[PDB]
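We begin with a single chain expressed as structure tokens, specifically the form deposited in one PDB entry.
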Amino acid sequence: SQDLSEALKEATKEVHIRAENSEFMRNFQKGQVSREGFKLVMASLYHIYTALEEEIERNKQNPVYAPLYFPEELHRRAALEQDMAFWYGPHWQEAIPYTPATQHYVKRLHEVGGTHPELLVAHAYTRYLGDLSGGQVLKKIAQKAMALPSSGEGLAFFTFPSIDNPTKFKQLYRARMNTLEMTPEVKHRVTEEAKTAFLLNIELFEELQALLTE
């Protein structure tokens, strides 16, 4: 569409359906993910968010991103570290895996953050909006399936204490996106990078799904 928010939604409509229909997400949605499979994805998201947020800090003041700087409400690294401590123990740092797909995803994040900051928004959009949408639905499935403490330990990643109304917040995040100044050509590259983002996620779920059945 015209506004970035709508252009992104329109451009990723297909890959999104493909992402939720991946073998791994379907099993997860039916409550058939194992503790080992869950530990794997969370370990992968750790590296992913560590890189993403690393690049966000680098570009937090660049106008091509700045309007979307939400460290207190969205950043996931700290939450993910609490989850690693929970699922892997005090030495999770040297214990967590780092799959090829994960490095490949991380690799793209650092290129974007380093040489194409004007595209970072596509990666933030893909991850954070999903976390406040389907991530919230998956959080409840994980709760019944894994049987974790009602205290929230092990699922800090799915919890956003500063966002009491995710629907409202997503609206504000979209409004901020439509505030970004960029030529029509950069906007197209941004929607395209968003596709890649989903793809990176899709191929990750394919890799992880293959590691489990293995």
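Don't overthink the numbering: it's just position in the shown sequence, from 1. We call the rigid core the largest set of C-alpha positions that still match within 1.5 Å between the two forms.
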task = Decide which of the stretches 44 to 52 and 57 to 65 has the higher mean C-alpha B-factor, going by the entry.
result = 57 to 65
message = Tell me which stretch has the larger mean Cα B-factor in this entry, 137 to 145 or 121 to 129.
response = 137 to 145
request  = Have a look at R189, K170, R176, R26 and flag the one whose Cα has the highest B-factor in the entry.
outcome  = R26
key: CA B-factor ranking of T183, expressed as a third of its chain   = middle
inquiry  = Test of reading the entry: by CA B factor among the chain's modelled residues, which third contains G152?
reply    = middle
remark   = Among the modelled residues of its chain, the C-alpha B-factor of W92 falls in the third labelled highest
note = Chain-relative C-alpha B factor for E72 (record values, thirds): the middle
query = Lowest, middle or highest third: where is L8 by Cα B-factor in its chain?
reply = lowest
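Another form exists, deposited in another entry; not displayed. Remarks below refer to it.
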note = In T179, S162, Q29, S34, the 2 Å or greater C-alpha shift between this form and the one not shown, rigid core superposed, occurs only at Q29
ask   = So, does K139 move by 2 Å or more at the CA between this form and the one not shown, with the core held fixed?
value = yes
ask   = Compared with this form, is the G135-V112 Cα separation smaller or larger in that other deposited form, the difference being 3 Å or more?
value = farther
key: Direction of C-alpha distance change in that other deposited form, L120 to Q136 (at least 3 Å)   = farther
